[PDB]
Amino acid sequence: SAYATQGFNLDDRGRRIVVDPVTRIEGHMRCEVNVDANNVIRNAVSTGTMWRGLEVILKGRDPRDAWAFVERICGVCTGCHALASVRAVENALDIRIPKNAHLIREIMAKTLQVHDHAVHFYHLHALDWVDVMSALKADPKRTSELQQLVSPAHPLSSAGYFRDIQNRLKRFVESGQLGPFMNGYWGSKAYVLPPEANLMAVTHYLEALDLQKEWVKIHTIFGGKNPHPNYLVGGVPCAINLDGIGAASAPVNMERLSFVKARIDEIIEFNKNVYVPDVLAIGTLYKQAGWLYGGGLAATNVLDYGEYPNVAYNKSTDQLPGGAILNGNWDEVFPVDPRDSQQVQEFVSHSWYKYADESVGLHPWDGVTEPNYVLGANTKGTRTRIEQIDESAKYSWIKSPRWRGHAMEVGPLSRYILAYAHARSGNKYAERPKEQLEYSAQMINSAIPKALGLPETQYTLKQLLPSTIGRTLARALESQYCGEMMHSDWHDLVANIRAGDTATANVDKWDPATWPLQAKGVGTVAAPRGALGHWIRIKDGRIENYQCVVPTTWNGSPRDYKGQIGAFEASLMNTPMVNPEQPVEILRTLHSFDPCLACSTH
């Protein structure tokens, strides 16, 4: 069976390839593709293979407790759901949180962004670009020289250092117990990096693993623990006391804030010196190899809610300004309203749920979550032993979100395309992302090629961004931007406190006896993986409905009623595989979305 949608020519007549489990993601996913006679992907099927039913579990519970339940949607994007939840409840109950609470939440959110992004790239994504076995062949001296060209400011660059790292790797591999490297696809022609680049990357993989545990201590200070820091409807629990009497007496004093600043400063150095330069260099080399596949929907339709207003509760001041772009027209950003029943809707036509009428999509305030695990008649295998999924029927635990009926990509890339479009339309708040993108284009086109003795290219951002390389780049740039932003947030927080405002919680409406007997609210967040929303209905002090639409719900969505494909499936289309039995290219592109499958299904 073959049909065309969104400019893609889907065809399932070719060779079927199954990847289950998809690894180096969060949670559980199955991916199937069909390839043509030349090993090009001509069909792709995204199956979310887990469900827990948080939306069902929340029913009847206290809205003030909800954040803790939904926080456990995901321990990777830990806290992003708690933030959405408290925002939703505060929206429903007309609660305005104090400035300090706003700033502390922002600092926690941006800390998550950096940690999530950096850990993703190195520990989940890098092994798609980096051949660790090749790293064993590298010359430490030439690796040192490469490091100095890639990032002159990074102090860990000596030949002796890279030699020591290489030696531990060799002992490890030569032990015969390869651990996480077991049965890898090393040696595949899909890997294009020179040995020295591979050794540099593996070195930073180990560095990042040691460093990431420091960054999250910001969460620990404000929220008690990481993973899963604590939040609060009405503000934050970390009360402030700078007086002498607040010497380790209060959750937050000046010593604690100084500690936080020190962590922020380290983050800024890592992003600037290690993460961004690495991605630029690896991107440049794969660009030179001509690997610009994986654009998918990014070339046409992107969406984000918009986040990080420099003035609280004033959306025009979002520093990651959002909206929707359609049809690749970057000259026109449409406003996105999470309250509009005609905008965000979820279909289940091809998902394992049931509606009263599955020909329509439901806005999340009217959302319904009733499981319906059933397989199509053309399934190969049985209900409990699937060999080939039937994508003509219901094939995923992920719902299908659409915006005004359109399939959209979400995530850092979407945010950066939107920021670029805003900036060109005269939006000053988007100046920094625009600067980052133009800098990156020059590095990838010209500066790094010249440094490495490679030919210069002349790709525009329009040509470069909608790609798996672009998607990976945008994530790194966003990490950097987030680090910079929370540096400013810290200064604003300390200034506010010293001016005499120490408030951290608004408790006027803490007691349910003060609530309206019915209410509805929505909270949105720029989560690490894209646009997150929680929609709540409250009745007689209890949760009547609670519906989440999460970034990987958008990206990993199965087909909708019209048969339109989502971002994952679109991104895999039109991609050649070196060897159909080694899913290197599939993993590289899927991983560029940073799939969070527990998030997607909740």
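Residue indices: 1-based, along the sequence shown.
Omission of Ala247 is seen in a third or more of the other entries compared for this protein where the adjacent residues are built.
The mean Cα B-factor in the deposited entry runs higher for 450 to 458 than for the other of 491 to 499 and 450 to 458. Averaged over CA atoms, B-factors in the entry run higher in 137 to 145 than in the other of 137 to 145 and 401 to 409.
The PDB entry gives the largest Cα B-factor of the residues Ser85, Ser479, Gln166, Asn91 to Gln166. Looking at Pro466, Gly483, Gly523, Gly376, the one whose CA carries the top B-factor in the deposited record is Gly376.
In this PDB entry, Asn100 carries a Cα temperature factor that places it within the lowest third of its chain's modelled residues. Ranked against the other modelled residues of its chain, the C-alpha B-factor of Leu587 as given in the entry falls in the lowest third. In this PDB entry, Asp508 carries a Cα temperature factor that places it within the highest third of its chain's modelled residues. Among the modelled residues of its chain, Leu326 has a C-alpha B-factor that falls in the middle third, as given in the PDB entry. Sorting the modelled residues of the chain by their CA temperature factor places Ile245 in the highest third.
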